[PDB]
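The next block is input_5.txt, given as compact mmCIF, C-alpha atoms.
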# COMPACT_ATOMS: atom_id res chain seq x y z
CA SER G 437 -3.32 26.13 -12.27
CA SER G 438 -6.70 25.78 -14.18
CA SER G 439 -6.79 21.95 -14.20
CA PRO G 440 -10.62 21.29 -13.74
CA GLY G 441 -11.47 22.85 -17.13
CA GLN G 442 -9.67 20.40 -19.47
CA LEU G 443 -9.72 17.36 -17.00
CA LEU G 444 -13.59 17.27 -16.77
CA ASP G 445 -13.70 17.21 -20.59
CA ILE G 446 -11.09 14.41 -21.00
CA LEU G 447 -13.19 12.31 -18.46
CA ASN G 448 -16.16 12.44 -20.97
CA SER G 449 -14.51 13.03 -24.46
CA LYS G 450 -12.77 9.59 -24.85
CA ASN Q 468 11.86 -19.02 -3.23
CA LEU Q 469 13.17 -19.86 0.30
CA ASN Q 470 16.02 -21.95 -1.21
CA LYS Q 471 17.31 -18.77 -2.98
CA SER Q 472 18.26 -17.52 0.57
CA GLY Q 473 19.56 -20.73 2.21
CA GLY Q 474 16.42 -22.80 2.85
CA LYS Q 475 13.55 -22.94 5.40
CA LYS Q 476 15.64 -24.47 8.29
CA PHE Q 477 18.38 -21.80 7.84
CA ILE Q 478 15.93 -18.81 7.83
CA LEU Q 479 13.94 -20.23 10.83
CA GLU Q 480 17.33 -20.58 12.66
CA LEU Q 481 18.15 -16.92 11.81
CA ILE Q 482 14.74 -15.77 13.23
CA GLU Q 483 15.42 -17.69 16.52
CA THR Q 484 18.89 -16.00 16.74
CA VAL Q 485 17.25 -12.53 16.08
CA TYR Q 486 14.69 -13.21 18.92
CA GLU Q 487 17.50 -14.29 21.32
CA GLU Q 488 19.45 -11.06 20.58
CA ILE Q 489 16.30 -8.85 20.99
CA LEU Q 490 15.40 -10.59 24.29
CA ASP Q 491 19.00 -9.88 25.54
CA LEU Q 492 18.82 -6.19 24.47
CA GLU Q 493 15.33 -5.84 26.04
CA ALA Q 494 16.50 -7.48 29.33
CA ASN Q 495 19.65 -5.25 29.53
CA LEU Q 496 17.61 -2.05 28.81
CA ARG Q 497 14.88 -3.10 31.35
CA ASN Q 498 17.55 -3.69 34.07
CA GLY Q 499 18.99 -0.23 33.23
CA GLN Q 500 22.27 -1.68 31.88
CA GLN Q 501 24.47 -0.83 28.83
CA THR Q 502 23.22 -2.12 25.44
CA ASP Q 503 25.26 -3.16 22.37
CA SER Q 504 23.15 -3.91 19.26
CA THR Q 505 26.14 -5.16 17.11
CA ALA Q 506 25.30 -8.91 17.54
CA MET Q 507 21.58 -8.26 16.72
CA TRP Q 508 22.44 -6.11 13.61
CA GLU Q 509 24.89 -8.83 12.39
CA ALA Q 510 22.22 -11.58 12.96
CA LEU Q 511 19.93 -9.72 10.42
CA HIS Q 512 22.30 -10.30 7.39
CA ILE Q 513 21.39 -6.96 5.64
CA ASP Q 514 24.93 -6.38 4.21
CA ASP Q 515 25.08 -10.12 3.22
CA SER Q 516 24.69 -10.41 -0.56
CA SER Q 517 25.85 -14.11 -0.57
CA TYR Q 518 22.40 -15.36 -1.71
CA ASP Q 519 20.08 -14.66 -4.73
CA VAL Q 520 17.45 -13.39 -2.17
CA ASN Q 521 18.88 -11.60 0.96
CA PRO Q 522 18.31 -13.60 4.25
CA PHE Q 523 16.53 -10.56 5.84
CA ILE Q 524 13.99 -10.50 2.92
CA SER Q 525 13.25 -14.23 3.48
CA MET Q 526 12.86 -13.70 7.29
CA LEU Q 527 9.96 -11.35 6.35
CA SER Q 528 8.11 -14.34 4.77
CA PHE Q 529 7.37 -15.58 8.34
CA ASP Q 530 4.98 -13.96 10.91
CA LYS Q 531 7.71 -14.30 13.59
CA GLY Q 532 10.10 -12.26 11.38
CA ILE Q 533 7.41 -9.56 10.82
CA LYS Q 534 6.29 -9.35 14.50
CA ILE Q 535 9.89 -8.64 15.85
CA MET Q 536 10.44 -5.67 13.39
CA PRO Q 537 9.18 -2.76 15.68
CA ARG Q 538 11.36 -4.15 18.55
CA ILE Q 539 14.38 -4.39 16.15
CA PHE Q 540 13.85 -0.65 15.31
CA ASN Q 541 13.99 0.31 19.02
CA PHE Q 542 17.72 -0.71 19.07
CA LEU Q 543 18.92 0.68 15.70
CA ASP Q 544 20.29 4.08 14.62
CA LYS Q 545 19.18 6.21 11.57
CA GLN Q 546 21.66 4.73 8.99
CA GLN Q 547 20.87 1.09 10.09
CA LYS Q 548 17.08 1.80 9.76
CA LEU Q 549 17.71 3.45 6.34
CA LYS Q 550 19.76 0.36 5.21
CA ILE Q 551 16.74 -1.88 6.13
CA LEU Q 552 14.32 0.35 4.10
CA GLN Q 553 16.91 0.40 1.18
CA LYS Q 554 17.07 -3.48 1.29
CA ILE Q 555 13.21 -3.82 1.38
CA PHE Q 556 12.77 -1.43 -1.61
CA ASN Q 557 15.78 -2.98 -3.51
CA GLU Q 558 14.34 -6.55 -3.29
CA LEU Q 559 10.58 -5.66 -3.08
CA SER Q 560 9.66 -8.03 -6.01
CA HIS Q 561 11.38 -10.92 -4.17
CA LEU Q 562 9.34 -10.20 -0.99
CA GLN Q 563 6.90 -13.10 -0.47
CA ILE Q 564 4.22 -10.71 0.93
CA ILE Q 565 4.21 -8.87 -2.45
CA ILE Q 566 3.75 -12.19 -4.36
CA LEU Q 567 0.90 -13.14 -1.91
CA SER Q 568 -0.88 -9.73 -2.14
CA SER Q 569 -0.65 -9.51 -5.97
CA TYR Q 570 -3.78 -10.61 -7.85
CA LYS Q 571 -1.46 -11.55 -10.77
CA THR Q 572 0.80 -14.01 -8.85
CA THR Q 573 -1.82 -15.04 -6.19
CA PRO Q 574 -5.31 -14.80 -7.83
CA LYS Q 575 -6.91 -17.07 -5.16
CA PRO Q 576 -5.25 -16.19 -1.77
CA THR Q 577 -6.34 -18.33 1.21
CA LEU Q 578 -7.64 -16.73 4.46
CA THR Q 579 -4.24 -17.56 6.14
CA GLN Q 580 -2.46 -15.68 3.28
CA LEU Q 581 -4.81 -12.65 3.63
CA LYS Q 582 -4.06 -12.57 7.44
CA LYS Q 583 -0.27 -12.48 6.67
CA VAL Q 584 -0.84 -9.52 4.27
CA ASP Q 585 -2.90 -7.57 6.91
CA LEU Q 586 -0.11 -8.28 9.52
CA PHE Q 587 2.70 -6.99 7.22
CA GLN Q 588 0.50 -3.93 6.41
CA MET Q 589 -0.20 -3.12 10.12
CA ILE Q 590 3.38 -3.63 11.43
CA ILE Q 591 5.87 -2.89 8.55
CA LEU Q 592 4.09 0.11 6.97
CA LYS Q 593 3.56 1.82 10.42
CA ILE Q 594 7.40 1.56 10.96
CA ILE Q 595 8.17 3.03 7.47
CA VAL Q 596 5.59 5.90 8.02
CA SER Q 597 7.02 6.84 11.51
CA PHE Q 598 10.68 6.69 10.34
CA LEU Q 599 10.13 8.80 7.17
CA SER Q 600 7.93 11.35 9.02
CA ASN Q 601 10.74 11.93 11.60
CA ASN Q 602 14.25 10.76 10.43
CA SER Q 603 14.39 11.47 6.65
CA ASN Q 604 15.60 14.33 4.43
CA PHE Q 605 14.98 15.03 0.66
CA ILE Q 606 18.04 13.02 -0.61
CA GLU Q 607 17.06 9.93 1.50
CA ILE Q 608 13.35 9.82 0.37
CA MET Q 609 14.46 10.41 -3.30
CA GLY Q 610 17.02 7.60 -2.76
CA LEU Q 611 14.29 5.14 -1.67
CA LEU Q 612 12.05 6.05 -4.67
CA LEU Q 613 15.01 5.43 -7.05
CA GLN Q 614 15.72 2.08 -5.30
CA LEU Q 615 12.07 1.07 -6.00
CA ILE Q 616 11.98 2.24 -9.68
CA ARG Q 617 15.48 0.88 -10.68
CA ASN Q 618 15.27 -2.61 -9.09
CA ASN Q 619 11.62 -3.55 -9.73
CA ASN Q 620 8.88 -3.87 -12.35
CA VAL Q 621 6.85 -0.99 -10.77
CA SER Q 622 3.62 -2.06 -12.59
CA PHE Q 623 3.85 -5.51 -10.92
CA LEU Q 624 4.27 -3.76 -7.48
CA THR Q 625 1.02 -1.80 -8.08
CA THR Q 626 -0.96 -5.13 -8.53
CA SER Q 627 -0.15 -5.71 -4.82
CA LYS Q 628 -1.92 -3.94 -1.93
CA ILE Q 629 1.43 -3.75 0.01
CA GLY Q 630 3.33 -2.54 -3.05
CA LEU Q 631 0.75 0.18 -3.79
CA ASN Q 632 0.61 1.38 -0.14
CA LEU Q 633 4.45 1.51 0.05
CA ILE Q 634 4.55 3.71 -3.12
CA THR Q 635 1.75 6.01 -1.69
CA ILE Q 636 3.82 6.51 1.51
CA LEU Q 637 6.96 7.49 -0.52
CA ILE Q 638 4.98 9.85 -2.88
CA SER Q 639 3.05 11.51 0.03
CA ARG Q 640 6.30 12.06 2.03
CA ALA Q 641 8.19 13.43 -1.08
CA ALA Q 642 5.24 15.86 -1.71
CA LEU Q 643 5.49 17.25 1.89
CA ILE Q 644 9.24 18.09 1.48
CA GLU Q 658 14.14 21.26 -4.77
CA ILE Q 659 10.85 21.02 -6.82
CA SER Q 660 13.20 20.07 -9.69
CA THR Q 661 14.75 16.69 -8.52
CA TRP Q 662 11.31 15.50 -7.28
CA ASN Q 663 9.65 16.49 -10.63
CA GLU Q 664 12.34 14.38 -12.42
CA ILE Q 665 11.98 11.37 -10.08
CA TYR Q 666 8.11 11.57 -10.16
CA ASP Q 667 8.36 11.49 -14.01
CA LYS Q 668 10.64 8.38 -13.93
CA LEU Q 669 8.00 6.68 -11.68
CA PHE Q 670 5.21 7.92 -13.99
CA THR Q 671 7.05 6.35 -17.01
CA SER Q 672 7.07 2.88 -15.36
CA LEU Q 673 3.23 3.15 -14.76
CA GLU Q 674 2.10 4.80 -18.04
CA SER Q 675 -0.47 2.69 -20.02
CA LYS Q 676 -0.68 0.29 -16.97
CA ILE Q 677 -2.48 2.58 -14.36
CA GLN Q 678 -5.80 0.59 -14.72
CA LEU Q 679 -3.94 -2.57 -13.50
CA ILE Q 680 -3.97 -1.14 -9.91
CA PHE Q 681 -7.71 -2.16 -9.76
CA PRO Q 682 -7.93 -5.96 -9.24
CA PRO Q 683 -10.32 -8.10 -11.33
CA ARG Q 684 -13.88 -8.71 -10.11
CA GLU Q 685 -13.20 -12.50 -9.68
CA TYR Q 686 -10.36 -11.56 -7.26
CA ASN Q 687 -12.60 -9.09 -5.29
CA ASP Q 688 -15.38 -11.74 -5.03
CA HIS Q 689 -12.91 -14.32 -3.64
CA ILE Q 690 -11.62 -11.85 -0.92
CA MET Q 691 -15.20 -10.65 -0.07
CA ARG Q 692 -16.34 -14.31 0.37
CA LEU Q 693 -13.36 -15.13 2.70
CA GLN Q 694 -13.61 -11.97 4.84
CA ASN Q 695 -17.49 -11.73 4.87
CA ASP Q 696 -17.18 -8.25 3.25
CA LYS Q 697 -20.33 -6.91 1.63
CA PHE Q 698 -18.10 -4.48 -0.44
CA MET Q 699 -14.43 -4.58 -1.47
CA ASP Q 700 -12.37 -1.87 0.30
CA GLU Q 701 -10.62 0.10 -2.49
CA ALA Q 702 -9.81 3.30 -0.43
CA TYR Q 703 -6.05 2.52 -0.74
CA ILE Q 704 -6.36 2.61 -4.59
CA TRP Q 705 -8.05 6.06 -4.57
CA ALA Q 706 -5.50 7.27 -1.94
CA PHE Q 707 -2.66 6.19 -4.30
CA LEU Q 708 -4.36 7.92 -7.28
CA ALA Q 709 -4.86 11.10 -5.16
CA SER Q 710 -1.13 11.20 -4.21
CA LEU Q 711 -0.04 10.41 -7.83
CA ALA Q 712 -2.38 13.19 -9.17
CA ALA Q 713 -1.35 15.77 -6.50
CA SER Q 714 2.40 15.53 -7.39
CA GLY Q 715 1.72 15.58 -11.13
CA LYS Q 716 1.50 18.40 -13.64
CA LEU Q 717 -1.68 18.86 -15.80
CA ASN Q 718 -0.27 16.42 -18.46
CA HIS Q 719 0.20 13.67 -15.80
CA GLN Q 720 -3.39 14.30 -14.52
CA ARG Q 721 -4.80 14.06 -18.11
CA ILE Q 722 -3.19 10.57 -18.48
CA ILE Q 723 -4.36 9.39 -14.99
CA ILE Q 724 -8.06 10.46 -15.62
CA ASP Q 725 -7.96 8.86 -19.13
CA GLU Q 726 -6.55 5.54 -17.81
CA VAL Q 727 -8.98 5.23 -14.83
CA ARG Q 728 -12.12 6.78 -16.55
CA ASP Q 729 -13.96 3.39 -16.61
CA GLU Q 730 -13.09 2.85 -12.92
CA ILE Q 731 -14.46 6.33 -12.00
CA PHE Q 732 -17.79 5.45 -13.77
CA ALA Q 733 -17.88 1.88 -12.21
CA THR Q 734 -17.55 3.45 -8.66
CA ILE Q 735 -20.34 5.99 -9.47
CA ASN Q 736 -22.59 3.06 -10.58
CA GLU Q 737 -21.90 1.20 -7.27
CA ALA Q 738 -22.70 4.38 -5.25
CA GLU Q 739 -25.92 5.00 -7.29
CA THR Q 740 -27.01 1.30 -6.78
CA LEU Q 741 -26.53 1.84 -2.99
CA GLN Q 742 -28.50 5.14 -3.07
CA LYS Q 743 -31.43 3.31 -4.82
CA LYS Q 744 -31.27 0.45 -2.14
CA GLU Q 745 -31.29 3.08 0.65
CA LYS Q 746 -34.41 4.78 -0.88
CA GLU Q 747 -36.27 1.43 -1.32
CA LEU Q 748 -35.55 0.23 2.25
CA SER Q 749 -36.01 3.58 4.11
CA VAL Q 750 -39.61 3.98 2.72
CA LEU Q 751 -40.69 0.64 4.38
CA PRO Q 752 -43.20 1.31 7.24
CA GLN Q 753 -42.14 -1.56 9.59
CA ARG Q 754 -38.44 -1.37 10.55
CA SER Q 755 -36.89 -4.16 12.73
CA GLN Q 756 -33.37 -3.92 14.30
CA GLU Q 757 -32.04 -6.02 11.38
CA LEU Q 758 -33.49 -3.62 8.72
CA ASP Q 759 -31.97 -0.65 10.66
CA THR Q 760 -28.58 -2.51 10.57
CA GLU Q 761 -29.11 -3.05 6.77
CA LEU Q 762 -29.85 0.70 6.17
CA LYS Q 763 -26.89 1.88 8.31
CA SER Q 764 -24.64 -0.54 6.35
CA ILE Q 765 -25.92 0.82 2.97
CA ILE Q 766 -25.52 4.54 3.98
CA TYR Q 767 -22.00 3.81 5.39
CA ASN Q 768 -20.84 2.05 2.19
CA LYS Q 769 -22.49 4.73 -0.07
CA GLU Q 770 -20.76 7.62 1.78
CA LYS Q 771 -17.48 5.62 1.78
CA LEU Q 772 -17.50 5.41 -2.08
CA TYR Q 773 -18.32 9.18 -2.33
CA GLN Q 774 -15.42 10.08 0.09
CA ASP Q 775 -12.82 7.72 -1.48
CA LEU Q 776 -13.56 9.00 -5.02
CA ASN Q 777 -13.62 12.67 -3.86
CA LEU Q 778 -10.15 12.20 -2.23
CA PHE Q 779 -8.84 11.66 -5.80
CA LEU Q 780 -11.14 14.15 -7.64
CA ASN Q 781 -10.73 17.19 -5.25
CA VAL Q 782 -6.91 17.04 -5.74
CA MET Q 783 -7.56 17.88 -9.45
CA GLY Q 784 -10.21 20.53 -8.58
CA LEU Q 785 -13.15 18.19 -9.38
CA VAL Q 786 -16.10 16.87 -7.24
CA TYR Q 787 -18.70 14.04 -7.37
CA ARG Q 788 -21.96 15.47 -5.98
CA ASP Q 789 -25.66 14.66 -6.74
CA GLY Q 790 -24.85 11.97 -9.30
CA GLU Q 791 -22.44 14.11 -11.37
CA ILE Q 792 -18.72 15.06 -11.59
CA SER Q 793 -18.24 18.84 -11.80
CA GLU Q 794 -15.68 21.63 -11.13
CA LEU Q 795 -14.86 22.42 -7.46

Let me see the structure of the file written as C-alpha cells.
Amino acid sequence: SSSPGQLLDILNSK
Amino acid sequence: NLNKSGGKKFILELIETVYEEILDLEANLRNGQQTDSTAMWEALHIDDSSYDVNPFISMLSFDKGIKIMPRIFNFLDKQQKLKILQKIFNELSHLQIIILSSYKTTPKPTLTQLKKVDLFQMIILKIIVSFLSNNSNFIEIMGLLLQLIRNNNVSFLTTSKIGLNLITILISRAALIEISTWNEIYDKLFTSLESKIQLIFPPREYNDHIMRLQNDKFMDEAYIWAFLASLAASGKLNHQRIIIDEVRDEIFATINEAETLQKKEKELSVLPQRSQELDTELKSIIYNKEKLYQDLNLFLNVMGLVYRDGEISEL
C-alpha cells in the first residue's frame, strides 16, 4: 500500500 | 476512406433511410401505437461486414449520423446497444473522428473539424457512459476493453482526444466493478502503452493552433490528467512507477505553467487602480492557476501524492 514513498523519489531520481 | 464503405452517396442515402425509420418509430410511439425497430436496426448495417470499413462506422463521419445516435438508442435493446459499442471499439482506428482528433494524423485541424470532434464527444460519449453505468456486467466491459486492445494500435488511439476519453470511460467503469481478470486485461492495455505514455500530451505547435482557433488563453488538458488518474488508480506500484517516470517532464511543465500564473496574479493584484478589465484578467489567471493545481492533483492524489505550495509531497 505504501506507494508515495518510492514514487516521490522516482519523480526526482531520473 | 468513404470509398472503403461504399462511397459518399451510398452513406448519405443510408443516413436518410435511418432518419426515415427513426421518424416512423417516434411518430408511432408518440401516437401510443406498437413499435417494431427491425427495419431501423437493419438500416444501420452493423452485422454487415461486406466492406473494408463498416457502413455504420462511415455514417459516424457525418454530423447527421452522430446527431441521430441518442434517438437510435431509445429504440434498441441491451444486446443491440452492446453490438454498436463492440463495432465502434472494433473499428475505432477507422473512425474518421479519431483521425480528425489525432495530432499525428491531423496536426492542423480546421475550426469545422474541431466542432465535429466536440459534437462526437458531447453526444457519443454521453451514450457510452449512460449505457455502461446501467446495462453492463464484468464480462461485457472486459469484452469491450479486449475489442479495443486486439483490433487497434492503442498508442495511436491515445493521440486522439476521443480515443483517450473512450479508454478513460472503460478503465473507470472496470475499476468500479474478479480482481484477477481485470488485473490481466489492465496489464495487456498497459503493454500496448508502455514507453509511449508521453505521446498522450500533444505537441506545443498543435496546442497553439487549437488555442488560436478557439480563442483559448490556455489549452484544456484535464482529460489527459483524468486518463492518467484512472490508469494509475487501477495499476499496481510497478505500473505507477512507469507512469510517473514517463510523464515526469509533463508534471514539471504543468508546475511551471501554474507558477508563471501565480507570479502574474501577484504582479497584477498589487496594482492600486483596478478597472473591470483588470478584474476580469485577475479572475481569469486565478481560475486557470487553480485549474492546473486541481487537474494535476487528480492524478497525484490517486498515488498518495500532492502538489501544494510549489512542491510535490506525500499525502

Please report the interatomic distance between atom CA of residue Q:488 and atom CA of residue Q:602 in Å with one decimal. 24.6 Å

If we count all atoms listed in the file and set the cut-off at 12 Å, which residues sit around stretch 437-449 of chain G, ignoring sequence neighbours fewer than 4 positions away in its own chain? Please answer as a PyMOL selection string. chain Q and resi 712-713+715-732+780-787+791-795

Find the residues near residue Q:505: any atom within 10 Å, counting all atoms listed in the file, skip ones fewer than 5 places away on the same chain, and give them as a tab-separated table (two decimals) with C-alpha atoms, keeping the file's coordinate frame.
chain	number	residue	atom	x	y	z
Q	488	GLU	CA	19.45	-11.06	20.58
Q	510	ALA	CA	22.22	-11.58	12.96
Q	542	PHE	CA	17.72	-0.71	19.07
Q	543	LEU	CA	18.92	0.68	15.70

Distance query residue Q:630 at most 10 Å, only C-alpha atoms, self and fewer than 5 positions along chain excluded, as a PyMOL selection string: chain Q and resi 556+559-560+562+564-566+568-569+588+615+621-625+635

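Remark: for residue Q:549, the closest of the candidate residues Q:595, Q:628, Q:745, Q:484 is Q:595 (distances computed over all atoms listed in the file).
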
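Distances to residue Q:706 were evaluated for Q:679, Q:779, Q:665, Q:749 using only C-alpha atoms, and the minimum falls at Q:779.
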
Would you pick out the contacts of residue Q:746 at 12 Å or less, using only C-alpha atoms, so that residues sharing its chain but fewer than 3 positions from it are not included, and give the list as a compact mmCIF listing (two decimals) with C-alpha atoms, keeping the file's coordinate frame?
# COMPACT_ATOMS: atom_id res chain seq x y z
CA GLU Q 739 -25.92 5.00 -7.29
CA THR Q 740 -27.01 1.30 -6.78
CA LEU Q 741 -26.53 1.84 -2.99
CA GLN Q 742 -28.50 5.14 -3.07
CA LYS Q 743 -31.43 3.31 -4.82
CA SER Q 749 -36.01 3.58 4.11
CA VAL Q 750 -39.61 3.98 2.72
CA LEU Q 751 -40.69 0.64 4.38
CA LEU Q 762 -29.85 0.70 6.17
CA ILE Q 765 -25.92 0.82 2.97
CA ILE Q 766 -25.52 4.54 3.98
CA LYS Q 769 -22.49 4.73 -0.07

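Here atom CA of residue Q:482 is placed at a distance of 6.6 Å from atom CA of residue Q:526.
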
Atom pair atom CA of residue Q:643 / atom CA of residue Q:705: separation (Å): 18.7 Å

Would you be able to write out as a PyMOL selection string which residues have an atom within 10 Å of (-4.0, 3.5, -2.9) in the file's coordinates, counting only C-alpha atoms? chain Q and resi 625+628-636+680-681+701-711+775+779

Compile the contact shell of residue Q:612 as a compact mmCIF listing (two decimals) with C-alpha atoms, in the coordinates of the input: residues with an atom at most 9 Å away, counting only C-alpha atoms, same-chain residues fewer than 2 positions apart removed.
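Dumped to result.txt:
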# COMPACT_ATOMS: atom_id res chain seq x y z
CA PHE Q 556 12.77 -1.43 -1.61
CA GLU Q 607 17.06 9.93 1.50
CA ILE Q 608 13.35 9.82 0.37
CA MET Q 609 14.46 10.41 -3.30
CA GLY Q 610 17.02 7.60 -2.76
CA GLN Q 614 15.72 2.08 -5.30
CA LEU Q 615 12.07 1.07 -6.00
CA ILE Q 616 11.98 2.24 -9.68
CA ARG Q 617 15.48 0.88 -10.68
CA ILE Q 634 4.55 3.71 -3.12
CA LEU Q 637 6.96 7.49 -0.52
CA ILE Q 638 4.98 9.85 -2.88
CA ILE Q 665 11.98 11.37 -10.08
CA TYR Q 666 8.11 11.57 -10.16
CA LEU Q 669 8.00 6.68 -11.68

For chain G, supply N, CA, C and O atoms and report the output as a PDB file, in the coordinates of the input.
ATOM      1  N   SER G 437      -2.533  26.546 -13.423  1.00  0.00           N
ATOM      2  CA  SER G 437      -3.320  26.130 -12.270  1.00  0.00           C
ATOM      3  C   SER G 437      -4.733  25.619 -12.625  1.00  0.00           C
ATOM      4  O   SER G 437      -5.242  24.742 -11.923  1.00  0.00           O
ATOM      5  N   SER G 438      -5.351  26.159 -13.711  1.00  0.00           N
ATOM      6  CA  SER G 438      -6.700  25.780 -14.180  1.00  0.00           C
ATOM      7  C   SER G 438      -6.744  24.368 -14.796  1.00  0.00           C
ATOM      8  O   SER G 438      -6.789  24.185 -16.020  1.00  0.00           O
ATOM      9  N   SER G 439      -6.726  23.373 -13.904  1.00  0.00           N
ATOM     10  CA  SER G 439      -6.790  21.950 -14.200  1.00  0.00           C
ATOM     11  C   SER G 439      -8.243  21.431 -14.391  1.00  0.00           C
ATOM     12  O   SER G 439      -8.454  20.659 -15.333  1.00  0.00           O
ATOM     13  N   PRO G 440      -9.262  21.835 -13.563  1.00  0.00           N
ATOM     14  CA  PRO G 440     -10.620  21.290 -13.740  1.00  0.00           C
ATOM     15  C   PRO G 440     -11.273  21.463 -15.114  1.00  0.00           C
ATOM     16  O   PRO G 440     -12.081  20.620 -15.499  1.00  0.00           O
ATOM     17  N   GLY G 441     -10.927  22.543 -15.817  1.00  0.00           N
ATOM     18  CA  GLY G 441     -11.470  22.850 -17.130  1.00  0.00           C
ATOM     19  C   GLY G 441     -11.309  21.715 -18.121  1.00  0.00           C
ATOM     20  O   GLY G 441     -12.292  21.059 -18.478  1.00  0.00           O
ATOM     21  N   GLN G 442     -10.052  21.447 -18.515  1.00  0.00           N
ATOM     22  CA  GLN G 442      -9.670  20.400 -19.470  1.00  0.00           C
ATOM     23  C   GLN G 442      -9.942  18.977 -18.951  1.00  0.00           C
ATOM     24  O   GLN G 442     -10.497  18.182 -19.700  1.00  0.00           O
ATOM     25  N   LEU G 443      -9.587  18.678 -17.673  1.00  0.00           N
ATOM     26  CA  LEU G 443      -9.720  17.360 -17.000  1.00  0.00           C
ATOM     27  C   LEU G 443     -11.138  16.766 -16.993  1.00  0.00           C
ATOM     28  O   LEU G 443     -11.297  15.553 -17.186  1.00  0.00           O
ATOM     29  N   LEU G 444     -12.160  17.620 -16.765  1.00  0.00           N
ATOM     30  CA  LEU G 444     -13.590  17.270 -16.770  1.00  0.00           C
ATOM     31  C   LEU G 444     -14.001  16.845 -18.178  1.00  0.00           C
ATOM     32  O   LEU G 444     -14.835  15.948 -18.336  1.00  0.00           O
ATOM     33  N   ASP G 445     -13.428  17.505 -19.198  1.00  0.00           N
ATOM     34  CA  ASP G 445     -13.700  17.210 -20.590  1.00  0.00           C
ATOM     35  C   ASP G 445     -13.049  15.927 -21.050  1.00  0.00           C
ATOM     36  O   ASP G 445     -13.690  15.182 -21.787  1.00  0.00           O
ATOM     37  N   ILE G 446     -11.797  15.643 -20.606  1.00  0.00           N
ATOM     38  CA  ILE G 446     -11.090  14.410 -21.000  1.00  0.00           C
ATOM     39  C   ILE G 446     -11.806  13.181 -20.383  1.00  0.00           C
ATOM     40  O   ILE G 446     -11.859  12.135 -21.032  1.00  0.00           O
ATOM     41  N   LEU G 447     -12.416  13.339 -19.182  1.00  0.00           N
ATOM     42  CA  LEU G 447     -13.190  12.310 -18.460  1.00  0.00           C
ATOM     43  C   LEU G 447     -14.475  11.869 -19.219  1.00  0.00           C
ATOM     44  O   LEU G 447     -15.000  10.788 -18.963  1.00  0.00           O
ATOM     45  N   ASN G 448     -14.966  12.700 -20.153  1.00  0.00           N
ATOM     46  CA  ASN G 448     -16.160  12.440 -20.970  1.00  0.00           C
ATOM     47  C   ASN G 448     -15.755  12.130 -22.423  1.00  0.00           C
ATOM     48  O   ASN G 448     -16.088  11.060 -22.922  1.00  0.00           O
ATOM     49  N   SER G 449     -15.005  13.058 -23.071  1.00  0.00           N
ATOM     50  CA  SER G 449     -14.510  13.030 -24.460  1.00  0.00           C
ATOM     51  C   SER G 449     -14.159  11.630 -25.021  1.00  0.00           C
ATOM     52  O   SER G 449     -14.771  11.205 -26.015  1.00  0.00           O
ATOM     53  N   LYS G 450     -13.184  10.923 -24.396  1.00  0.00           N
ATOM     54  CA  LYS G 450     -12.770   9.590 -24.850  1.00  0.00           C
ATOM     55  C   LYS G 450     -13.366   8.484 -23.982  1.00  0.00           C
ATOM     56  O   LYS G 450     -14.417   8.679 -23.372  1.00  0.00           O
TER      57      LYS G 450
END
